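Down below is the structure, laid out as structure tokens.
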Amino acid sequence: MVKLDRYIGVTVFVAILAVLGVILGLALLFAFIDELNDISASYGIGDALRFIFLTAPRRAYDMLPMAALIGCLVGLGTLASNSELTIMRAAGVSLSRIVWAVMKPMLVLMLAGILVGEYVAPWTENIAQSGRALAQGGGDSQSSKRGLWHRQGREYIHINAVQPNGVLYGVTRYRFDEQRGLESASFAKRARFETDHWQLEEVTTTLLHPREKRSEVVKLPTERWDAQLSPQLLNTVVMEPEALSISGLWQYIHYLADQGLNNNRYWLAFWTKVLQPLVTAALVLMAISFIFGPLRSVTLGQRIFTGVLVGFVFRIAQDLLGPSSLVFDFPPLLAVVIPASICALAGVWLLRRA
Amino acid sequence: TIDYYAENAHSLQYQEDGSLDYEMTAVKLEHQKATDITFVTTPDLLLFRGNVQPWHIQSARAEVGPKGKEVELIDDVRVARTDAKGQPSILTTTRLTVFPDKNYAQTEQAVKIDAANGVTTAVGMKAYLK
Amino acid sequence: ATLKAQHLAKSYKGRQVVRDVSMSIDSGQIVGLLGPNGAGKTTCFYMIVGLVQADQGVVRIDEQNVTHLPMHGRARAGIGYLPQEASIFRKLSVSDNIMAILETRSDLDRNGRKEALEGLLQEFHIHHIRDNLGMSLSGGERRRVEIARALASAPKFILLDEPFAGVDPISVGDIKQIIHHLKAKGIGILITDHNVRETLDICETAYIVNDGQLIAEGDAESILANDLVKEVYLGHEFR
Amino acid sequence: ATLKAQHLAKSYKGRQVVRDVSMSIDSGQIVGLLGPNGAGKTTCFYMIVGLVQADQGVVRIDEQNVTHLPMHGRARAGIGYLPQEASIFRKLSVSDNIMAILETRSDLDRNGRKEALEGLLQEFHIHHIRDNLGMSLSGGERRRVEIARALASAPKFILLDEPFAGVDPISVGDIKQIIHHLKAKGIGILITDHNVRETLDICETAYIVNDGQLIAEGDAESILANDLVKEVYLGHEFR
Amino acid sequence: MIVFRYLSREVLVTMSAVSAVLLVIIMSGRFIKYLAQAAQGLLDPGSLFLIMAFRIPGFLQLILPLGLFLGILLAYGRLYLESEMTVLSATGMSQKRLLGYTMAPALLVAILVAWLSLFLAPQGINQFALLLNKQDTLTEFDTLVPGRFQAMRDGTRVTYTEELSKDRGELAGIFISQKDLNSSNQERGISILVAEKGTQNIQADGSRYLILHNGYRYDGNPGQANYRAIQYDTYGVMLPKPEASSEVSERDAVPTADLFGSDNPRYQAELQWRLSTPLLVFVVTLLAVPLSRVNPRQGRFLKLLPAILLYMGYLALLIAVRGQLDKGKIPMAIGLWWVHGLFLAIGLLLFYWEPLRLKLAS
């Protein structure tokens with residue numbers, strides 16, 4: 001069997017590509033409209049367009065399963081409602097063969113999707129986030145949301161922006177005393193990680209000697225300070241848990257497990273990143289089962305409507321199960337497995353119902 | 001509602017130049033958020049650089065307006081000024097409202113400014129600091 | 001080879017549709033299924049095809065019980081089907097339309113597949129339209145292509161639903177010619193249609209059903225002359 | 001009053017469907033519009049109804065140019081219509097099914113409305129099913145209720161659409177009798193469908209269109225005897 | 001008259017079903033957005049039920065016009081598909097008659113949404129805030145990881161402690177940082193609080209009371225030398241209501257009684273926004289009927305997503321215009337009615353397309 005497999009695969013692949021394109025267009029439009037509220041005469045509209053365009057691949061990978069579901073629905077529906085699946089079945093071809101014929105381009109698709117995600121997506125996400133943080137955080141002591149707080153010893157450190165060149169932007173540190181009386185307050189625009197130690201550029205510290213003596217301010221272009229934080233950790237911590245590579249997630253999970261800090265969120269992120277082929281296959285099987293059952297000879301608009309409704313239901317369910325695992329100590333892998341398991345069970349039941 | 005309530009309240013406010021404009025000392029400090037008017041009872045207020053003359057303030061009842069709009073001192077407030085008379089000579093003030101912007105110590109009530117050692121009493125009181 | 005549907009019956013959501021209907025179709029015989037739209041003619045036809053499962057009764061093709069077998073199992077057994085609506089492959093050419101079905105057969109080899117392609121293409125006079133795509137193809141040529149596609153599977157029996165419905169009287173002659181040619185090879189054909197006259201003309205024996213049980217059977221002349229069928233479904237005015 | 005259609009034409013995407021087709025239907029006679037499916041028979045019927053706006057030509061009922069007028073304007077002018085599919089009000093009683101249309105008639109009081117409802121209820125022998133819901137009716141009662149509603153609209157001509165499409169031979173007589181009653185009332189009727197025999201039997205005059213032009217017209221016997229329609233539409237073997 | 005009741009009943013039933021489904025979906029989405037925060041560091045699971053039960057009326061307000069829209073679309077598409085609408089139009093009723101019939105369910109929905117906008121929703125949100133503050137308790141003091149930095153109100157407030165007692169209060173050294181916006185930091189600088197132990201008290205007389213064992217307050221620009229340092233043993237904290245600020249603005253719970261009389265441009269914009277929903281319902285009803293004409297080729301559900309996106313665009317444009325209005329950039333005389341006029345013009349052109357084309361056909 002050659003020609004029928006090629007026909008079915010080409011039809012489903014083209015339909016899914018069109019659905020993915022439309023979904024990406026809508027998602028980009030909605031993200032841009034929501035994000036346009038942050039213009040501040042220092043972060044221009046062109047910068048917002050760049051950020052949206054550079055972050056597009058991440059949401060493409062994010063919305064790939066629903067796009068595959070909807071595209072497989074409509075495409076197979078076109079062939080069925082047109083009365084050709086009946087002919088293919090009455091020729092001797094079994095339902096399993098049709099399912100495998102649909103699965104083969106789907107195999108290609110999830111292979112490609114896992115590849116593009118795990119390799120490209122963190123890179124573009126890092127570029128976009130670094131650009132946005134650079135655009136926003138070039139302000140004052142602390143004037144940006146995309147910043148980080150950290151404490152070492154009795155010195156309190158804040159960063160306005162972190163860049164992929166190890167160049168922290170807008171760092172401020174307050175040094176205190178055992179009695180916790182303020183002694184110095186500093187702020188430097190830029191900070192560079194030399195191999196031996198961190199280095200500053202054009203610090204603007206001030207000195208407040210504890211007694212009533214003269215309060216002075218001292219400026220040094222290249223003050224030096226030492227800490228334990230590293231840029232390799234810096235780029236990982238600022239990024240969202242949904243944006244790192246699979247290998248990066250694994251390494252950071254091991255790093256957190258080494259020192260005992262809880263890492264359930266990154267466990268859930270790893271589980272939803274790795275198990276993407278399983279959820280995609282379950283959803284596509286459910287779509288195939290719908291096409292062969294109630295959605296036999298209905299209009300294409302009805303197919304699209306029920307597809308988007310089911311996709312919204314599935315996304316809402318799996319988003320509810322995410323934080324619920326953290327709240328109720330519920331093992332994270334279950335939160336990914338259950339919606340897919342329910343979907344696959346319903347699909348196989350309706351397929352067995354013929 | 002009392003937003004902030006402190007015991008043994010000591011304030012050290014270094015001015016932009018580096019010399020403390022004023023340094024609040026008090027047994028207690030109180031603040032309200034619903035109205036940012038603040039009550040400070042039983043303080044010992046010291047303003048060495050707030051005025052050219054060293055200033056010692058001993059208030060039985062005191063009150064400070066929102067954002068430092070106004071300073072209300074009640075119940076025979078003793079304020080010290082240093083003219084050629086070097087002694088602080090805490091000066092009794094029954095009730096007054098001091099504008100921190102120009103140190104305009106407007107008086108809401110008749111004030112009997114009497115030196116601790118000598119007699120400098122004045123009947124009535126009219127406030128023109130500007 | 002004979003197809004025997006014995007004691008077929010089925011009860012739908014609230015009311016039974018078919019009760020104890022029996023049909024025997026032989027290889028080389030045309031049999032028509034006729035009856036009121038309310039009666040279970042379409043339901044029984046779909047049981048014989050296998051689209052709807054039957055609650056009771058056995059269907060066997062040459063001593064092989066195919067009741068449990070699904071539609072693909074029945075198709076591999078030898079039963080064929082054509083739907084009333086257009087069923088051509090739109091984006092695929094006619095030659096590809098026949099070749100896709102030819103690839104399904106396990107017995108035939110590459111040389112055999114090509115030879116069978118050429119034989120069916122020349123046989124039904126669809127040689128001139130091999131390159132043309134299915135969508136642009138006309139209605140009559142579409143019916144010829146569908147018939148050739150069904151025949152490419154080498155079915156022991158082929159079942160037609162509403163073949164004469166919605167067809168101009170000049171083309172029903174071509175339809176009967178194609179039916180006769182399918183007869184010539186030995187394949188038995190079962191026809192269900194709304195148009196009484198053309199079927200009672202074409203098929204040798206007709207089965208008339210009502211209330212889920214057959215009421216009359218025999219040749220067309222005996223079908224016309226029977227009083228029960230005239231009272232209920234034919235009418236006194238007909239013929 | 002006569003519904004007169006002159007020099008109608010239509011052009012689709014890049015192809016003209018109908019060229020210079022003229023018709024005349026007069027009150028008190030039945031006229032059949034027949035033709036090949038590919039030809040502009042359905043196009044002429046629809047552009048007479050008003051579903052599709054004619055590109056050229058004038059359609060006129062008693063010296064009123066009703067081409068530009070919408071469907072509601074045509075209905076107010078005197079043209080009725082009955083769709084092919086079921087058009088009975090599902091969740092409405094039969095008596096209410098007729099009253100909903102009777103109420104829109106301006107020239108009637110409440111007493112006259114009740115009297116007209118009773119007369120229409122009694123006329124078509126649908127008196128006893130007045131309380132049953134619209135969905136519950138079978139085929140024949142549904143058709144009778146539809147025609148009674150169309151009469152309740154008080155039209156001057158009713159344009160039937162495929163009355164004998166998928167209808168049992170016994171139930172055809174009821175439709176024929178109802179059309180005879182409508183004609184006897186004084187309402188001209190135009191009929192178009194694929195089943196040639198019955199429309200040729202009932203209609204007084206038949207209009208045949210092919211390639212978007214009126215190839216032949218006349219009484220049924222003349223349509224049967226004409227050479228061109230037999231060659232291209234009817235077939236030599238026909239009749 | 002009978003057809004009026006028939007159509008009204010179908011529209012009302014379909015609108016009820018669509019409204020129920022949409023309300024379920026929106027409530028679920030808000031539940032995700034709320035449960036994320038409640039999971040990470042803040043809020044308590046016990047108060048979510050009250051929050052949703054008090055926030056529902058606004059969602060019902062924003063949903064009901066859209067629910068009527070689709071209802072109209074689905075019901076009239078179903079009528080067209082089964083040929084009821086054709087046999088109706090084949091009797092003498094026109095699309096103007098359709099609009100006249102449909103206005104009554106539209107009027108009922110307009111009455112309901114007007115009630116929700118004017119009285120129920122502001123009262124609901126006022127009760128939301130007050131009852132939240134009264135009974136609902138917070139967990140920023142109850143549950144913390146000591147080494148973990150806690151940020152409040154996004155970047156404005158950051159709280160950190162060395163160690164927190166599980167029994168709450170009697171903590172270790174605390175680091176409290178607040179950077180108020182609206183040039184308040186420009187006036188003085190950044191205020192930071194440091195204490196030795198601190199004590200948290202929950203009660204009815206005071207919402208949340210924090211008493212330090214020994215503490216300090218330093219306030220001044222990090223680079224500039226002007227500082228204010230306050231030294232003490234005890235200190236206070238009072239009326240902490242983080243969520244209610246993020247949930248709704250102060251203008252949202254303002255009753256409509258004093259809203260129109262006031263001269264604040266924000267309140268004037270809010271008044272126009274609250275009165276926008278009934279005219280929005282009417283415009284949606286006007287532009288819905290012509291769009292319901294569907295042939296069986298394209299089915300019934302084909303043109304539901306375009307309607308959804310059109311309504312979302314309408315709402316977004318309304319929100320943007322209201323924002324520019326309360327900012328004062330847009331003149332108040334023109335106000336908010338111009339977008340409604342534009343959408344009404346679009347709907348009118350859509351409704352009169354066929355008669356205008358026929359007139360152009362001479």
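Letters A, B, ... go to the chains of the structure tokens in the order shown; residues in each chain start at 1; ligands are counted from 1 in the same order.
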
For chain C fitted to chain D over all Cα atoms in order, what RMSD does a least-squares superposition give? 0.5 Å

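Counting only C-alpha atoms, region 5-10 of chain A has the following residues at most 6 Å away, ignoring those fewer than 3 positions along the same chain: residues 2, 13, 101, 102 and 105 of chain A.
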
Once DSSP has gone over the backbone, tell me which residues of region 23-180 of chain C are in alpha helix (DSSP H), as a PyMOL selection string. chain C and resi 41-49+71-77+94-104+110-123+139-152+172-180

Could you build a table of the residues in chain E lying no more than 9 Å from chain D, giving for each the nearest pair of atoms and their separation in Å rounded to one decimal place, using only C-alpha atoms, ordered by chain and ascending residue number, as a tab-separated table?
```
residue	atom	partner	partner_atom	distance
E:1	CA	D:100	CA	7.2
E:2	CA	D:100	CA	5.5
E:3	CA	D:100	CA	6.1
E:6	CA	D:92	CA	8.2
E:82	CA	D:87	CA	6.3
E:83	CA	D:87	CA	5.1
E:84	CA	D:87	CA	5.3
E:85	CA	D:87	CA	8.7
E:86	CA	D:83	CA	8.1
E:87	CA	D:87	CA	6.8
E:88	CA	D:101	CA	8.0
E:89	CA	D:72	CA	5.4
E:90	CA	D:75	CA	5.5
E:91	CA	D:75	CA	5.3
E:92	CA	D:72	CA	4.1
E:93	CA	D:72	CA	5.9
E:94	CA	D:72	CA	6.1
E:355	CA	D:70	CA	8.3
E:358	CA	D:68	CA	6.1
E:359	CA	D:68	CA	7.5
E:361	CA	D:68	CA	7.5
E:362	CA	D:68	CA	7.1
```

Distance query residue 52 (chain D) at most 8 Å, only C-alpha atoms, self and fewer than 4 positions along chain excluded, as a PyMOL selection string: chain D and resi 43+46-47

With a distance cut-off of 9 Å and only C-alpha atoms, select the neighbouring residues of region 43-57 of chain B, excluding the residue or stretch itself and same-chain residues fewer than 2 positions from it, and output the selection as a VMD selection string. chain B and resid 9 15 19 to 29 40 to 41 59 to 62 77 to 83 88 90 to 91 103

What does the file look like for those residues with N, CA, C and O atoms, as a CSV table (one decimal), in the first residue's frame?
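again25.csv written:
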```csv
chain,number,residue,atom,x,y,z
B,9,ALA,N,12.0,55.4,70.0
B,9,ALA,CA,12.3,55.9,68.6
B,9,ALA,C,13.4,56.9,68.6
B,9,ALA,O,13.3,57.9,69.3
B,15,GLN,N,21.5,65.3,56.3
B,15,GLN,CA,21.1,66.1,55.2
B,15,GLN,C,21.9,65.7,54.0
B,15,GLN,O,22.9,65.0,54.1
B,19,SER,N,25.6,66.9,57.1
B,19,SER,CA,25.3,67.3,58.5
B,19,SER,C,23.9,67.1,58.8
B,19,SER,O,23.0,67.6,58.1
B,20,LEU,N,23.6,66.4,59.9
B,20,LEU,CA,22.2,66.1,60.2
B,20,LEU,C,21.4,67.3,60.4
B,20,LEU,O,21.6,68.1,61.4
B,21,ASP,N,20.4,67.5,59.6
B,21,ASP,CA,19.5,68.6,59.7
B,21,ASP,C,18.7,68.5,61.0
B,21,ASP,O,18.5,69.5,61.7
B,22,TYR,N,18.2,67.3,61.3
B,22,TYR,CA,17.5,67.1,62.6
B,22,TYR,C,17.6,65.7,63.0
B,22,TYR,O,18.0,64.8,62.2
B,23,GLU,N,17.5,65.4,64.3
B,23,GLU,CA,17.7,64.1,64.8
B,23,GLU,C,16.6,63.8,65.8
B,23,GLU,O,16.7,64.3,67.0
B,24,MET,N,15.6,63.1,65.5
B,24,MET,CA,14.4,62.9,66.4
B,24,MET,C,14.8,61.9,67.5
B,24,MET,O,15.3,60.8,67.2
B,25,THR,N,14.5,62.3,68.7
B,25,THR,CA,14.7,61.3,69.8
B,25,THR,C,13.3,61.3,70.5
B,25,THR,O,12.7,62.4,70.7
B,26,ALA,N,12.9,60.1,71.0
B,26,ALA,CA,11.6,60.0,71.6
B,26,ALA,C,11.5,58.7,72.3
B,26,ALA,O,12.1,57.7,71.9
B,27,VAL,N,10.6,58.6,73.3
B,27,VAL,CA,10.2,57.4,73.9
B,27,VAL,C,9.4,56.6,73.0
B,27,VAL,O,9.5,55.3,72.9
B,28,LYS,N,8.5,57.2,72.2
B,28,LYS,CA,7.6,56.5,71.3
B,28,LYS,C,7.3,57.3,70.1
B,28,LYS,O,7.4,58.6,70.1
B,29,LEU,N,7.0,56.6,69.0
B,29,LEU,CA,6.6,57.2,67.7
B,29,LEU,C,5.3,56.5,67.2
B,29,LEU,O,5.2,55.3,67.2
B,40,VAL,N,3.2,62.0,67.6
B,40,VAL,CA,4.5,61.7,68.3
B,40,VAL,C,4.4,62.2,69.7
B,40,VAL,O,4.7,63.4,70.0
B,41,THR,N,4.1,61.4,70.7
B,41,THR,CA,4.0,61.9,72.1
B,41,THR,C,5.2,61.5,72.9
B,41,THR,O,5.9,60.5,72.6
B,59,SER,N,8.6,68.2,74.2
B,59,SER,CA,7.2,68.3,74.0
B,59,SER,C,6.5,67.2,74.7
B,59,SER,O,6.8,66.0,74.7
B,60,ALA,N,5.5,67.6,75.5
B,60,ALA,CA,4.6,66.7,76.2
B,60,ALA,C,3.7,66.0,75.2
B,60,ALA,O,3.4,64.8,75.2
B,61,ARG,N,3.1,66.8,74.2
B,61,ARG,CA,2.3,66.3,73.2
B,61,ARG,C,2.7,66.9,71.8
B,61,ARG,O,3.0,68.1,71.8
B,62,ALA,N,2.9,66.1,70.8
B,62,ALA,CA,3.3,66.5,69.5
B,62,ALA,C,2.6,65.8,68.4
B,62,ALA,O,2.1,64.7,68.6
B,77,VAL,N,5.1,73.2,75.0
B,77,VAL,CA,6.3,72.7,74.4
B,77,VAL,C,7.5,73.6,74.7
B,77,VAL,O,7.4,74.8,74.6
B,78,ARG,N,8.6,73.0,75.1
B,78,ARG,CA,9.8,73.7,75.5
B,78,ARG,C,10.8,73.6,74.3
B,78,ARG,O,11.3,72.6,74.0
B,79,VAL,N,11.0,74.8,73.7
B,79,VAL,CA,11.9,74.9,72.6
B,79,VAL,C,13.1,75.8,72.9
B,79,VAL,O,12.9,76.8,73.6
B,80,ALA,N,14.3,75.4,72.5
B,80,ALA,CA,15.5,76.1,72.9
B,80,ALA,C,16.1,76.8,71.7
B,80,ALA,O,16.2,76.2,70.6
B,81,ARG,N,16.5,78.1,71.8
B,81,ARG,CA,17.2,78.8,70.8
B,81,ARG,C,18.4,79.5,71.4
B,81,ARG,O,18.5,79.8,72.6
B,82,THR,N,19.5,79.7,70.6
B,82,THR,CA,20.8,80.2,71.1
B,82,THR,C,21.1,81.5,70.4
B,82,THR,O,21.7,81.5,69.3
B,83,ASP,N,20.6,82.6,70.9
B,83,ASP,CA,21.1,83.9,70.6
B,83,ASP,C,22.3,84.2,71.4
B,83,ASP,O,22.9,83.3,72.0
B,88,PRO,N,20.4,77.2,76.6
B,88,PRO,CA,19.3,76.8,75.7
B,88,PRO,C,18.0,77.5,76.1
B,88,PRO,O,17.2,77.9,75.2
B,90,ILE,N,15.0,76.6,77.4
B,90,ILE,CA,13.8,76.0,76.8
B,90,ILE,C,12.6,76.9,77.0
B,90,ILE,O,12.2,77.3,78.1
B,91,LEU,N,11.9,77.2,75.8
B,91,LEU,CA,10.9,78.2,75.7
B,91,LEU,C,9.6,77.6,75.6
B,91,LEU,O,9.3,76.9,74.7
B,103,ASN,N,10.4,76.4,58.3
B,103,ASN,CA,10.5,76.5,59.8
B,103,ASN,C,9.6,77.5,60.3
B,103,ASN,O,9.9,78.3,61.3
```

Select residues of chain E: the criterion is any atom within 10 Å of an atom of chain A, counting only C-alpha atoms; output as an MDAnalysis selection string. chainID E and resid 25 28:29 31:33 35:40 45 147:151 154:156 158 160 173 175 179 181 190 194:196 214:218 220:227 229 231 296:305 309 316 320

Near chain E, meaning an atom within 9 Å, which residues of chain B appear when counting only C-alpha atoms? Write them as JSON, numbers by chain. {"B": [1, 2, 3, 4, 5, 6, 7, 8, 9, 10, 11, 12, 13, 14, 15, 16, 17, 18, 23, 24, 27, 28, 29, 30, 31, 32, 33, 34]}

Would you list the contacts of residue 111 (chain B) as a list in words, taking every protein, DNA or RNA residue within 8 Å and counting only C-alpha atoms, but skipping same-chain residues closer than 2 positions in sequence? residues 92, 93, 94, 95, 107, 109, 113, 122, 123, 124 and 125 of chain B

Shell of 12 Å around residue 111 (chain E), only C-alpha atoms, local chain residues under 4 positions omitted, as a ChimeraX atom specification: /E:61,64-65,103-107,115-119,275,277-279,281-282

Find the spatial neighbours of residue 105 (chain B), counting only C-alpha atoms, within a cut-off of 7 Å - ignore same-chain residues fewer than 3 positions away - and output them as an mmCIF file with C-alpha atoms, in the first residue's frame.
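Here's the written file result-v3.cif:
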```cif
data_model
loop_
_atom_site.group_PDB
_atom_site.id
_atom_site.type_symbol
_atom_site.label_atom_id
_atom_site.label_comp_id
_atom_site.auth_asym_id
_atom_site.auth_seq_id
_atom_site.Cartn_x
_atom_site.Cartn_y
_atom_site.Cartn_z
ATOM 1 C CA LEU B 96 1.807 75.708 67.736
ATOM 2 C CA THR B 97 2.014 74.473 64.143
ATOM 3 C CA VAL B 98 5.507 74.471 62.601
ATOM 4 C CA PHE B 99 5.741 74.418 58.800
ATOM 5 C CA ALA B 127 3.784 84.019 64.538
ATOM 6 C CA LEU B 129 8.609 83.470 60.656
#
```

Can you check which parts of chain A lie within 10 Å of chain C? Per residue, the shortest pair of atoms and distance in Å to one decimal, counting only C-alpha atoms, sorted by chain and number, as a tab-separated table.
```
residue	atom	partner	partner_atom	distance
A:1	CA	C:103	CA	5.4
A:2	CA	C:103	CA	7.2
A:3	CA	C:100	CA	5.4
A:4	CA	C:100	CA	6.0
A:5	CA	C:100	CA	9.3
A:7	CA	C:92	CA	8.3
A:11	CA	C:91	CA	9.9
A:79	CA	C:89	CA	8.6
A:80	CA	C:87	CA	9.7
A:81	CA	C:87	CA	9.9
A:82	CA	C:87	CA	6.9
A:83	CA	C:87	CA	5.2
A:84	CA	C:87	CA	5.5
A:85	CA	C:87	CA	9.1
A:86	CA	C:83	CA	8.2
A:87	CA	C:87	CA	7.2
A:88	CA	C:101	CA	8.1
A:89	CA	C:72	CA	5.7
A:90	CA	C:75	CA	5.5
A:91	CA	C:75	CA	6.1
A:92	CA	C:72	CA	4.6
A:93	CA	C:72	CA	6.1
A:94	CA	C:72	CA	5.5
A:95	CA	C:72	CA	8.2
A:354	CA	C:51	CA	9.2
```

Write the residues of the preceding selection, restricted to N, CA, C and O atoms, as a tab-separated table (two decimals), in the first residue's frame.
```tsv
chain	number	residue	atom	x	y	z
A	1	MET	N	0.83	-1.20	0.00
A	1	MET	CA	0.00	0.00	0.00
A	1	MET	C	0.87	1.25	0.00
A	1	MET	O	1.57	1.53	0.97
A	2	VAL	N	0.82	2.00	-1.10
A	2	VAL	CA	1.67	3.17	-1.29
A	2	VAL	C	0.85	4.43	-1.52
A	2	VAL	O	0.99	5.41	-0.79
A	3	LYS	N	0.01	4.43	-2.56
A	3	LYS	CA	-0.66	5.65	-2.99
A	3	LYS	C	-1.62	6.18	-1.92
A	3	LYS	O	-1.67	7.39	-1.67
A	4	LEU	N	-2.40	5.29	-1.30
A	4	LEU	CA	-3.36	5.73	-0.29
A	4	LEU	C	-2.66	6.36	0.91
A	4	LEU	O	-3.11	7.38	1.43
A	5	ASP	N	-1.55	5.75	1.35
A	5	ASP	CA	-0.80	6.30	2.47
A	5	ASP	C	-0.28	7.70	2.14
A	5	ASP	O	-0.39	8.62	2.97
A	7	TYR	N	-1.51	9.82	-0.09
A	7	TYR	CA	-2.66	10.73	-0.17
A	7	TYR	C	-3.08	11.20	1.22
A	7	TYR	O	-3.18	12.41	1.47
A	11	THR	N	-2.54	15.04	2.76
A	11	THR	CA	-3.71	15.83	3.12
A	11	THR	C	-3.65	16.29	4.57
A	11	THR	O	-3.82	17.49	4.87
A	79	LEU	N	-11.88	14.36	3.70
A	79	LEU	CA	-11.91	13.11	2.94
A	79	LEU	C	-13.11	12.25	3.30
A	79	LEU	O	-13.72	11.64	2.42
A	80	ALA	N	-13.47	12.19	4.57
A	80	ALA	CA	-14.57	11.33	5.00
A	80	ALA	C	-15.92	11.84	4.56
A	80	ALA	O	-16.67	11.15	3.89
A	81	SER	N	-16.25	13.06	4.97
A	81	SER	CA	-17.55	13.63	4.63
A	81	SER	C	-17.79	13.64	3.13
A	81	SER	O	-18.94	13.70	2.69
A	82	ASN	N	-16.72	13.58	2.34
A	82	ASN	CA	-16.78	13.55	0.89
A	82	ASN	C	-17.01	12.11	0.40
A	82	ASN	O	-17.28	11.90	-0.78
A	83	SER	N	-17.05	11.15	1.33
A	83	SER	CA	-17.35	9.74	1.05
A	83	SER	C	-16.20	9.04	0.32
A	83	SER	O	-16.38	8.49	-0.77
A	84	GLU	N	-15.02	9.05	0.92
A	84	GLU	CA	-13.91	8.24	0.41
A	84	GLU	C	-13.36	7.27	1.44
A	84	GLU	O	-12.85	6.21	1.07
A	85	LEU	N	-13.43	7.61	2.73
A	85	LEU	CA	-13.07	6.64	3.77
A	85	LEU	C	-13.97	5.42	3.71
A	85	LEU	O	-13.52	4.30	3.97
A	86	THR	N	-15.25	5.61	3.38
A	86	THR	CA	-16.14	4.46	3.22
A	86	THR	C	-15.64	3.54	2.11
A	86	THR	O	-15.64	2.32	2.25
A	87	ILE	N	-15.20	4.13	0.99
A	87	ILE	CA	-14.68	3.33	-0.11
A	87	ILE	C	-13.39	2.62	0.31
A	87	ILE	O	-13.20	1.44	0.01
A	88	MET	N	-12.50	3.33	1.01
A	88	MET	CA	-11.26	2.72	1.45
A	88	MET	C	-11.51	1.55	2.40
A	88	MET	O	-10.82	0.53	2.32
A	89	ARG	N	-12.48	1.69	3.31
A	89	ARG	CA	-12.83	0.58	4.19
A	89	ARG	C	-13.46	-0.57	3.41
A	89	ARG	O	-13.12	-1.74	3.64
A	90	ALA	N	-14.37	-0.26	2.48
A	90	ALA	CA	-15.04	-1.31	1.72
A	90	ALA	C	-14.12	-1.98	0.71
A	90	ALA	O	-14.50	-3.00	0.13
A	91	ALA	N	-12.93	-1.43	0.48
A	91	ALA	CA	-11.95	-2.08	-0.37
A	91	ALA	C	-11.14	-3.14	0.36
A	91	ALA	O	-10.41	-3.89	-0.29
A	92	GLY	N	-11.26	-3.23	1.68
A	92	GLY	CA	-10.52	-4.18	2.48
A	92	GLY	C	-9.56	-3.55	3.47
A	92	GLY	O	-9.07	-4.24	4.37
A	93	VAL	N	-9.27	-2.25	3.33
A	93	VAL	CA	-8.35	-1.60	4.25
A	93	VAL	C	-9.00	-1.47	5.63
A	93	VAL	O	-10.13	-0.98	5.77
A	94	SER	N	-8.29	-1.92	6.65
A	94	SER	CA	-8.78	-1.93	8.02
A	94	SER	C	-8.61	-0.56	8.66
A	94	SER	O	-7.94	0.33	8.14
A	95	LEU	N	-9.25	-0.40	9.82
A	95	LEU	CA	-9.15	0.85	10.56
A	95	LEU	C	-7.73	1.07	11.09
A	95	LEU	O	-7.24	2.20	11.14
A	354	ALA	N	-17.16	1.85	16.99
A	354	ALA	CA	-17.30	1.87	15.54
A	354	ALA	C	-18.33	2.90	15.08
A	354	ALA	O	-18.32	3.33	13.92
```

DSSP says strand (DSSP E or B) for which residues of region 6-179 of chain D? Put them as a ChimeraX atom specification? /D:6-11,16-26,30-34,56-61,65,79-82,93,133,157-160

Show me which bits of chain D are within 6 Å of chain C, counting only C-alpha atoms, as a ChimeraX atom specification. /D:169-170,234-235
